[PDB]
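Q: experimental coordinates for this protein are included below, preceded by the sequence.
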Amino acid sequence: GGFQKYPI
Amino acid sequence: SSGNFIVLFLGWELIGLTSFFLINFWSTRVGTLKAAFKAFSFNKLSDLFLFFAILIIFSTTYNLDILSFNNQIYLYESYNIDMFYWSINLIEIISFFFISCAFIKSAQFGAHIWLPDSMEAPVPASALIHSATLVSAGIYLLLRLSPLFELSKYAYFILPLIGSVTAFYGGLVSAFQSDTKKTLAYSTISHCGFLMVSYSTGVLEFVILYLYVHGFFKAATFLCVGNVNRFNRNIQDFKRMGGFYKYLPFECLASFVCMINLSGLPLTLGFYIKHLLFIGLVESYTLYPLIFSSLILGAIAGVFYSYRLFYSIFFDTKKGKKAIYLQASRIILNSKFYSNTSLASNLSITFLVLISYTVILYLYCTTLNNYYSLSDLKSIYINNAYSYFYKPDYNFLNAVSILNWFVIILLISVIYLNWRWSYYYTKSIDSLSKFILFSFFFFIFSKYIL
Amino acid sequence: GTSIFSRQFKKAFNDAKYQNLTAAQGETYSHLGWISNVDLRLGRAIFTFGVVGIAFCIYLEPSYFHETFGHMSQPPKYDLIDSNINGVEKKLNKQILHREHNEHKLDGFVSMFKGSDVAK
Amino acid sequence: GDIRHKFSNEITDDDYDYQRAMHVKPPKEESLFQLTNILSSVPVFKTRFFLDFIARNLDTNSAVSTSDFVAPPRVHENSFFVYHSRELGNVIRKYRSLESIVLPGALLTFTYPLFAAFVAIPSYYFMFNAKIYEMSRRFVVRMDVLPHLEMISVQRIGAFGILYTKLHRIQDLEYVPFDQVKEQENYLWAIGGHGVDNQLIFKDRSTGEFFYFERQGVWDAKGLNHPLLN
Amino acid sequence: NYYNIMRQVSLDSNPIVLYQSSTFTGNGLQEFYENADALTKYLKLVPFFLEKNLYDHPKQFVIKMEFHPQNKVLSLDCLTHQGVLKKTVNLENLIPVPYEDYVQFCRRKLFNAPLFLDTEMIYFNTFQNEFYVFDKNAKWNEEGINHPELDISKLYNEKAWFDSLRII
Amino acid sequence: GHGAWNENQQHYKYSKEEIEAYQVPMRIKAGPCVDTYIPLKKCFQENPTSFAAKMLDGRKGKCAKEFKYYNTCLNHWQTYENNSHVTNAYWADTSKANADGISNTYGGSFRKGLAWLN
Amino acid sequence: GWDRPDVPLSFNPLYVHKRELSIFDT
Amino acid sequence: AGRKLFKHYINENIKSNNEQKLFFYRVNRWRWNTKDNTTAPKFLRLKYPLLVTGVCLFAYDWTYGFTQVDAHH
Amino acid sequence: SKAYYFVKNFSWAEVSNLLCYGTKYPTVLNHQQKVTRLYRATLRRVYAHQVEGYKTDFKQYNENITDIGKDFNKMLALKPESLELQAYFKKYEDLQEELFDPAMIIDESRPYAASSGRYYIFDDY
Amino acid sequence: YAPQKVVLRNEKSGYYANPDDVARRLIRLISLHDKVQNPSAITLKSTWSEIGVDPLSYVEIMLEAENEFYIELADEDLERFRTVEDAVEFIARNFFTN
Ligand SMILES: CCCCCCCCCCCCCCCCCC(=O)OC[C@H](COP(=O)([O-])OCC(O)COP(=O)([O-])OC[C@@H](COC(=O)CCCCCCCCCCCCCCCCC)OC(=O)CCCCCCCCCCCCCCCCC)OC(=O)CCCCCCCCCCCCCCCCC
Ligand SMILES: CCCCCCCCCCCCCCCCCC(=O)OC[C@H](COP(=O)([O-])OCC(O)COP(=O)([O-])OC[C@@H](COC(=O)CCCCCCCCCCCCCCCCC)OC(=O)CCCCCCCCCCCCCCCCC)OC(=O)CCCCCCCCCCCCCCCCC
Ligand SMILES: CCCCCCCCCCCCCCCCCC(=O)OC[C@H](COP(=O)([O-])OCC[N+](C)(C)C)OC(=O)CCCCCCCCCCCCCCCCC
Ligand SMILES: CCCCCCCCCCCCCCCCCC(=O)OC[C@H](COP(=O)([O-])OCC[N+](C)(C)C)OC(=O)CCCCCCCCCCCCCCCCC
Ligand SMILES: CCCCCCCCCCCCCCCCCC(=O)OC[C@H](COP(=O)([O-])OCC[N+](C)(C)C)OC(=O)CCCCCCCCCCCCCCCCC
Ligand SMILES: CCCCCCCCCCCCCCCCCC(=O)OC[C@H](COP(=O)([O-])OCC[N+](C)(C)C)OC(=O)CCCCCCCCCCCCCCCCC
Ligand SMILES: CCCCCCCCCCCCCCCCCC(=O)OC[C@H](COP(=O)([O-])OCC[N+](C)(C)C)OC(=O)CCCCCCCCCCCCCCCCC
Ligand SMILES: CCCCCCCCCCCCCCCCCC(=O)OC[C@H](COP(=O)([O-])OCC[N+](C)(C)C)OC(=O)CCCCCCCCCCCCCCCCC
Ligand SMILES: CCCCCCCCCCCCCCCC(=O)OC[C@H](COP(=O)(O)O)OC(=O)CCCCCCCCCCCCCCC
């Protein structure tokens, strides 16, 4: 559904 | 809930700014910023008009209280303002500025260009702005300052014409539209036009009923299409949507109910708003032919967009990408928890629909019942429109039948009309013949043979 | 070797008529074998609520039917009070009641026409 | 691939059975209130009275087709049939038959026949005429060939379902490509031309009348191979 | 563009039986009535006949099927609410179809079918646009069905089997 | 009894102060049925009922005695406002209405639609 | 199933100017 | 007599149809699966909803149905 | 493709060139590139309008794509400097213009599309 | 939860999708074509011309590959592709959302 998580 | 014009202007600016933020939620993209800036420019123009109107009111009467202005405007109605080279009527100029700002914020014809571009916002924000929050500011202004517009020649001429033109334009564009959010936006424009025409008719109760019905069912439909888009991976066009009834069972039925209510259809809660609008429509307008034709076309346009949206989204042949269906059709996913939407989303939609039905019924009982029990509207203008709702005459009773049968024929067209070759062409023609003959015989027996 | 009317071949054809040839064997199926139970239950509940509302509209608000198809024949509705009396008594009372009904209709019409100036 | 059996509280096919109304699955068990179960259980339906009523008072097996080859009765003692329409012809016949019941009935029943006509006129001119009526007018119910005349007899459905046959010379028949008429009659082919074949349109040059042949129509190999038509 | 061209076929001398239902094995609707199993199966099929008639669903319950290899024609004995009828079908016009396709061909929600209606063995005649449904409680002649003329290597056509019937 | 459609059961006319007390919406106050409306509102206040009950009750339940007068007054008011009693007569028989003019003012301009040529 | 690598930096492709920004298009 | 007519044009149409490529059919077969799609009348079942409607209407008739006034027109 | 047809103030000719061929200057392309790109664009538009459309007819789609394929085979056979090939190119460019749809579906996998840059990815720096 | 310590981007493997599955699906799609005769002869190192894909059939196969893989391939990339190896590499390394 949502966008793939990426490091912050 | 503003007590004076200063608080009203503050709320106006705040809604403009917050709508700008909601539209520009995707701050990283500059394409969204263009739509946000378009909406911002229109909102600032409306702010200019509202500020100038408030300044005129303050200069005339040394007071900014809404109640005082409402109860004093009749004294100053006879006054005029000396402008550059023309002596403009004070009421006419004030109402002109108010109506300009109201049209800008309600997305009437000409000033509606920002509303289609405002759909870049996330679906919840779009529903909130388009249901009762951003696009009803003009309606609220008109209702609150009705004593001013009752003595406004400009309002009398402009509200019905612009309302009907916007209704027709939005209805037809929504019917021909292919994107869900754009279709809902143009339907909202059409309903805003209908609201303007109802206010011109001058039955505040009818205006309030129309506003409530439109807001509730527009919000519900927006939520349903948002679920559909999320399932379809942000593709809002239903040309890539097909056979979604099984993948989103709750959405299909919820959308069915919400759309039949929203689009004025017979034997639905949303039929009475249009019926009352046509009851109250005035006939002394010089442009009455155009006004009435536009109103009829806009009213009938609802069926086409409702049918297209519902059928194409759910029950049309599978047109979307193979992955959309395959990723969800895997047997491993089969479980008691399986769903393509949220349980909280489904419960929220169900509760919203139930509460909307209950509140609409309460308002209908309060207003349209034989015993009038609505609270005082603080207006002394009586339109006599309730006479044709209490004791309609044969002329009007048969006149409404024209629109009813137009809608019936359009429904038959959208149902039985074939645009593509199919194995069921001959059987569909046969079913149409069966339906026609059975309807005739059933009417014969019901009316005469019993 | 194989021929039509073979059960194995018929089952294979039934399963493979609408298969996804680009998928590996054993997972080349396109149909969904079930429906979300909770979503379907909620959808059916709301659909039933809407259908009940539409039916209540049809029943208690026949205005649309009246203005679109006309007033249909009404099923019989009457009271058997007149059957209590019999004979000349019944005949005379029935005639008096009929005359009273006609006079009442005329009185209503004339009163509606005359009372235009009641409100001063 | 399925792991529903690994959990005791997971949904089951017994739980999904309620979806058989909205979902198509092969039958598993018969409920007590099914039509089949009721008929097979209640002894009343086993009565010879009911059995004979079923046997007689319903569609007969005589009219049911018994072969893939059809030889309809010859129109003329010397003619031979070539083409015949099975289902679309009957549908068009039934649809046009409504003009003999609905129309007089509408006149004698409706309170406002003028209102009905005013509603019907635009309805006919848009979405109905091109939809059904013109296609029916140009539809070929049956085609036979008379060799002595070297002509072709074509049967057509008229107003109120009346059937009429007309003769056209074979020398006057031409093939009209669909490209030459698609732009002229886009709406007709858009909404009503699906039943008939688009690429097999012929017309009579002398009379300028078209011939539409049903896609699901039966053609005779001998008729097609006859030297007159080749 | 596929056209229904007729070839005027005729039956041969000695047919080969391919299908024989265990029930309805007797000859005549009177025999079916007098037989206990046949009567109950007929009652269970009564909704099948009702669907045939009122729902305009072209389908036939097939029993006692024979094959003529000399002319390559199938003779089918079909049971209807009135009695037993004889039909002739062409292998060129016979193709198989899924049970779900058979169900979806009709636009009306069919009555709950009985448990003796073989869903796997459902076939479709394209010339007649009709369905043939067999009985689960039946006997198949292995030697008859293994005839060379019935081989898929000769009766197979991808376009006709997979693309001829597109219900959508 | 034997009162006009505008009078109520008690033949009592309420004053401006009484109207302000039993505040009546301007929609009703404009018409002539204030006297018949006020008792109905008082009865409803004394016996409050739900909106569902109001919709589903064809006789207004407890407040039926006053509702009869209110309904009669409302019917007369709306009929006189829309001139429906004359319009319906002209629709039923235009020729007879012209023969014995019910209202020449409306008769001279009335024209039934061509579609409704019963 | 597959262990996807982190979101690529190509998701936001750097834009390189190849044309003069005319003052007339400010 | 060397005249193009029904047989010739039927053969031409058959040739044109045979000239089609089966690649598009093969790729698109999955779209028209009967196990995955149905019709709106089939999906929207009014059997039990109408039963609940009948129950509600019966309750209304036997609770508030008595207190209604006939309106003849 | 960057899917920036409606942005950057493209003229109609430039937009048509972008739609038919991936480049805004088709003259740079050679014969094979031109033919293949035009065929791909025509197939894409026909698929969009007659497969993912409003009540699409798959048989008509098949016929149309087959005719287009035959025509493009003939075009590829034809020499680059041929008036017949020029006529074919004009015909299919006109078809592309006719089927041009404002607000046409743009895949989310292409640049400048809706949702293209909703997220800023932080670098190792 | 992400640790409080600094964590850098982890490019596990350039492929965002299972390259073996991508290659097998692409080979099945290619074999589906009429011009293709022998599916067995197809390998990642086999050129389009030798496997039998004409230049015009290549664009059709690539359009259907785009439809199957839920991505859009630029004409530049399609022309740059010279072997099934390159095609599968590009498709597997492609981020489906760009
Ligand atoms: C408790 C006691 C009871 C109390 C009182 C109630 C008693 C009565 C209950 C009756 C319940 C409804 C019965 C419906 C059965 C349908 C099946 C059937 O009979 O098939 C045979 C035949 C259809 O045969 P077919 O072979 O399936 O058709 C060929 C098509 O190619 C085949 O189509 P396709 O597969 O190619 O796909 C196209 C699909 C297209 O389908 C649709 O677009 C919608 C399908 C909905 C299915 C029905 C669900 C239930 C909704 C209706 C609820 C009942 C309302 C009251 C009805 C009576 C009013 C007098 O077509 C259809 O589904 C057409 C058939 C459905 C007809 C019913 C339509 C009702 C809604 C009106 C149209 C909506 C348009 C907008 C879209 C909706 C969402 C915004 O059905 C018809 O008789 C068709 C009639 C169409 C014209 C209707 C015009 C009526 C105008 C006057 C009345 C207006 C009030 C109602 C509408 C108000 C808005 C909601
Ligand atoms: C002494 C004995 C006397 C017996 C008298 C018997 C009289 C029978 C008269 C029958 C009249 C015709 C009925 C036709 C129904 C179908 C209509 C239809 O589908 O048309 C549209 C049909 C298209 O619809 P479709 O959905 O596509 O069709 C699908 C199939 O129809 C499949 O459709 P479907 O399955 O989706 O839905 C069809 C359903 C339609 O149903 C309805 O719409 C009716 C809904 C119920 C209404 C209830 C009203 C009364 C009660 C009110 C509430 C009281 C509450 C009391 C207190 C409760 C407190 C808790 O049909 C029914 O009405 C079935 C009967 C209802 C049984 C349930 C009644 C309630 C029992 C009590 C409660 C318990 C319930 C079960 C358990 C619940 C869980 C706990 O259009 C057509 O093309 C029509 C073509 C014509 C077909 C005709 C087929 C039948 C031919 C029969 C020929 C005559 C045979 C005579 C035999 C004589 C032997 C002696
Ligand atoms: C305190 C007062 C409370 C008053 C409550 C008033 C309720 C008014 C409801 C109005 C309609 C709104 C419906 C909303 C959705 C709920 C209905 C629904 O899901 O419908 C679809 C559902 C199912 O929809 P479906 O068609 O999808 O389901 C088919 C699948 N199966 C077969 C499994 C059901 O309809 C039904 O289940 C039919 C119900 C018919 C019977 C109705 C009365 C039930 C009474 C239960 C209590 C009995 C007590 C007895 C005590 C005896 C003591 C000795
Ligand atoms: C989160 C959950 C919250 C609680 C959920 C509550 C559920 C909903 C409860 C609703 C209760 C009220 C039902 C009213 C039914 C309709 C009454 C009516 O027609 O009014 C006549 C009354 C009687 O009026 P009258 O006879 O005095 O005069 C009318 C005047 N003329 C003749 C000129 C028109 O009419 C009106 O006042 C006008 C009503 C217009 C609107 C009609 C809507 C019809 C559809 C009703 C849907 C009901 C909800 C869905 C079904 C619920 C089933 C339980
Ligand atoms: C300003 C001017 C306005 C003018 C408006 C004009 C409006 C009126 C138009 C009149 C149209 C007349 C149509 C005639 C139809 C017959 C035509 C014809 O010859 O076709 C032969 C056709 C075809 O004949 P055929 O010879 O091909 O075959 C015989 C029939 N078959 C095909 C089955 C073998 O036959 C019929 O259709 C016979 C119809 C007989 C019944 C006709 C009347 C039915 C309606 C009765 C009244 C309504 C119901 C009442 C119920 C009462 C219950 C108590
Ligand atoms: C006088 C010249 C000849 C006139 C021929 C009649 C018109 C052409 C044939 C019409 C056949 C269809 C009749 C359907 C009747 C349905 C019941 C009814 O309302 O009848 C009485 C009414 C009229 O009876 P009435 O005049 O007593 O009604 C009172 C007056 N009104 C309704 C205006 C308040 O029928 C109509 O209104 C019919 C209008 C003309 C329809 C023209 C074709 C469009 C419809 C296509 C066919 C399918 C329609 C299905 C409708 C289903 C229900 C919505
Ligand atoms: C002449 C008499 C006086 C009245 C004057 C006015 C005449 C009628 C004008 C009707 C205009 C309707 C425009 C609808 C546009 C909808 C567009 C849309 O969403 O796509 C099409 C959708 C279908 O969308 P779709 O998604 O299913 O497929 C679209 C397919 N393509 C793109 C190929 C077209 O709906 C239709 O197709 C229906 C519209 C066409 C049929 C119109 C029939 C009109 C019948 C008029 C009856 C008049 C009765 C008499 C009384 C009238 C006056 C009171
Ligand atoms: C964990 C808790 C979560 C929240 C739970 C909340 C549950 C709410 C359930 C009902 C909501 C829907 C009501 C029906 C729709 C509206 C109808 C309408 O317009 O009103 C008509 C009617 C109004 O009355 P009427 O319409 O019947 O007519 C009155 C008649 N006269 C005028 C004569 C007096 O209102 C209702 O029926 C609504 C219920 C009454 C109002 C209740 C308000 C107080 C709530 C107390 C509970 C507080 C809980 C706090 C939880 C905090 C958690 C953090
Ligand atoms: C003022 C008229 C009011 C309406 C009158 C309706 C009359 C109906 C009976 C007509 C009988 C004669 C038919 C002749 C056919 C023919 O060959 O007609 C052929 C001729 C010639 O057409 P061309 O000039 O195009 O060749 O038709 C005409 O000239 C036009 C007349 C059209 C008649 C249409 C009849 C059907 C009406 C349908 C209404 C909408 C649907 C209603 C529900 C089903």
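A: All right, it came through fine. Numbers count the residues shown, from 1 in each chain, chains lettered A, B, ... in the order given. Ligands and ions are numbered 1, 2, ... in the order given.

Q: now do the buried residues in stretch J:5-16.
A: J:15, J:16 (16 or more other Cβ atoms under 10 Å in any protein chain shown). To be clear about C-beta, it is placed using only N, CA and C from the backbone, and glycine gets the same treatment.

Q: and stretch D:155-169, how far out from the chain middle?
A: Distance, stretch centre to chain centre, for stretch D:155-169: 17 Å (Cα atoms, centre = their mean, to the nearest Å).

Q: find the nearest non-adjacent residue to the closest residue to chain J within chain A, please.
A: Closest to chain J within chain A is residue A:7: 5.6 Å, counting by Cβ to the nearest Cβ. Distances taken as Cβ to Cβ, 6 or more residues apart in numbering or on different chains put residue J:7 closest to residue A:7, at 5.6 Å, once the chain neighbours are dropped.

Q: three-state assignment of that neighbour?
A: Under DSSP: H, G, I helix; E, B strand; the rest coil, residue J:7 falls in the coil class.

Q: returning to what we had before: so who does the residue of chain A closest to chain J touch?
A: The contact partners of residue A:7, by Cβ atoms under 8 Å, 6 or more residues apart in numbering or on different chains, come to G:6, I:122, J:2, J:7, J:8, J:9.

Q: ok, now which ones touch the residue most central in space within chain F?
A: In chain F, the C-alpha closest to the average C-alpha coordinate belongs to residue F:74, at a distance of 1.5 Å (Cα atoms, centre = their mean). Residue F:74 is in contact with B:370, B:390, F:33, counting by Cβ under 8 Å, 6+ apart.

Q: most surrounded residue in those residues?
A: residue F:33 (27 neighbours; other Cβ atoms under 10 Å in any protein chain shown).

Q: quick check: the gap between it and chain J.
A: 68 Å (Cβ to the nearest Cβ, to the nearest Å).

Q: do you know how far that residue is from residue F:41?
A: To residue F:41, residue F:33 is 11 Å away according to Cβ to Cβ, to the nearest Å.

Q: related to what we said a few turns ago, and the contacts of residue A:7, which is closest to chain F?
A: Using Cβ to the nearest Cβ, the contacts of residue A:7 come closest to chain F at residue J:2, 54.7 Å.

Q: what's the helix or strand for the closest one?
A: Assigned by DSSP states H and E, residue J:2 falls within no helix or strand.

Q: ok, it - contacts?
A: Residue J:2 makes contact with A:7, A:8, according to Cβ under 8 Å, 6+ apart.

Q: try residue H:36
A: Contacts of residue H:36 (Cβ under 8 Å, 6+ apart): B:243, B:246, B:318, B:325, B:329, C:18, C:30, C:31, C:32.

Q: where does it sit: helix, strand or coil?
A: Here residue H:36 is recorded as coil under three-state DSSP.

Q: what does it show for phi and psi?
A: Torsion angles at residue H:36 (phi, psi; degrees, to the nearest 10) stand at phi -110, psi -10.

Q: so the residue in chain B that chain J sits nearest to, which state does it fall into?
A: With Cβ to the nearest Cβ, the shortest gap between chain B and chain J falls at residue B:323, namely 4.4 Å. Here residue B:323 is helix, with the state taken from three-state DSSP.

Q: wait, it sits on residue J:67?
A: No. The pair residue B:323 / residue J:67 is not scored as a contact, 9.4 Å apart, by Cβ atoms under 8 Å.

Q: higher neighbour count, the two?
A: residue J:67 (19 against 15).

Q: is that one located within a strand, as I assumed?
A: No. Looking at residue J:67 with three-state DSSP, it is helix, so not inside a strand.

Q: how far away is it from ligand 5?
A: For residue J:67, the distance to ligand 5 equals 52 Å [Cβ to the nearest ligand atom, to the nearest Å].

Q: what's the answer for residue I:58, then?
A: As for residue I:58, its distance to ligand 5 is 38 Å (criterion: Cβ to the nearest ligand atom).

Q: quick one: contacts for residue B:353?
A: Residue B:353 touches B:216, B:220, B:254, B:257, B:258, C:46, C:49, counting by Cβ under 8 Å, 6+ apart.

Q: how about 10 Å then?
A: B:216, B:217, B:219, B:220, B:223, B:254, B:257, B:258, B:261, C:46, C:49, C:50 (Cβ atoms under 10 Å, 6 or more residues apart in numbering or on different chains).

Q: out of these, who's nearest residue J:90?
A: Nearest to residue J:90 among the contacts of residue B:353: residue B:223, at 39.3 Å, using Cβ to Cβ.

Q: ok, the closest one touching residue B:254?
A: Yes. In this structure residue B:223 lies within contact range of residue B:254 using Cβ atoms under 10 Å: 8.2 Å.

Q: mutual contacts of these two, please.
A: Shared contacts of residue B:223 and residue B:254, defined by Cβ under 10 Å, 6+ apart, are found at B:345, B:349, B:352, B:353.

Q: the third one and residue B:219, how far apart?
A: Separation of residue B:352 from residue B:219 (Cβ to Cβ): 7 Å.

Q: more neighbours: which of the two?
A: residue B:219 (24 against 17).

Q: now the most centrally placed residue in chain C. Nearest residue, chain neighbours left out?
A: Centroid check for chain C by Cα atoms, centre = their mean gives residue C:55 as the closest residue, at 5.4 Å. Ranked by Cβ to Cβ, 6+ apart and with sequence neighbours excluded, the top spatial neighbour of residue C:55 is residue H:53, at 4.4 Å.

Q: tell me what the host helix or strand of the one you found is packed against?
A: Assessed by DSSP H and E, residue H:53 sits inside helix H:47-63. For helix H:47-63, the packing partners by 3 or more Cβ pairs under 10 Å, 6 or more residues apart in numbering or on different chains; DSSP states H and E come out as helix C:37-60.

Q: right, is the helix it packs on up against ligand 2?
A: No. Using Cβ under 6 Å from any ligand atom, helix C:37-60 stays clear of ligand 2, coming no nearer than 10.5 Å.

Q: circling back: separation between the residue nearest to the centre of chain F and residue B:390?
A: From residue F:74 across to residue B:390, the span is 7 Å (Cβ to Cβ).

Q: what sits in contact with each of these two?
A: Contact criterion Cβ under 10 Å, 6+ apart; residues shared by residue F:74 and residue B:390: residue B:370.

Q: need the contact list for the residue nearest to residue B:321 when sequence neighbours are not counted.
A: Nearest non-adjacent residue to residue B:321, counting by Cβ to Cβ, 6+ apart: residue J:70, 5.3 Å away. Contacts for residue J:70 (Cβ under 10 Å, 6+ apart) come out as B:233, B:321, B:322, B:323, B:324, B:326, B:327, I:107, I:108, I:109, J:96, J:97.

Q: and the residues you listed, which are buried?
A: Among the contacts of residue J:70, those that count as buried by neighbour count (16+ other Cβ under 10 Å) are B:233, B:321, B:322, B:324, B:326, I:107, I:108, I:109, J:96, J:97.

Q: columns distance to residue C:88 on top of the residues you listed, output as CSV?
A: Shown next, in CSV, are those (distance: Cβ to Cβ, whole Å):
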residue, distance to residue C:88
B:233, 88
B:321, 89
B:322, 89
B:324, 85
B:326, 88
I:107, 93
I:108, 92
I:109, 97
J:96, 97
J:97, 96
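
Q: ok, so of those residues, who is nearest chain G?
A: Each of the buried ones among the contacts of residue J:70 was checked against chain G using Cβ to the nearest Cβ; the closest is residue J:97, at 7.5 Å.
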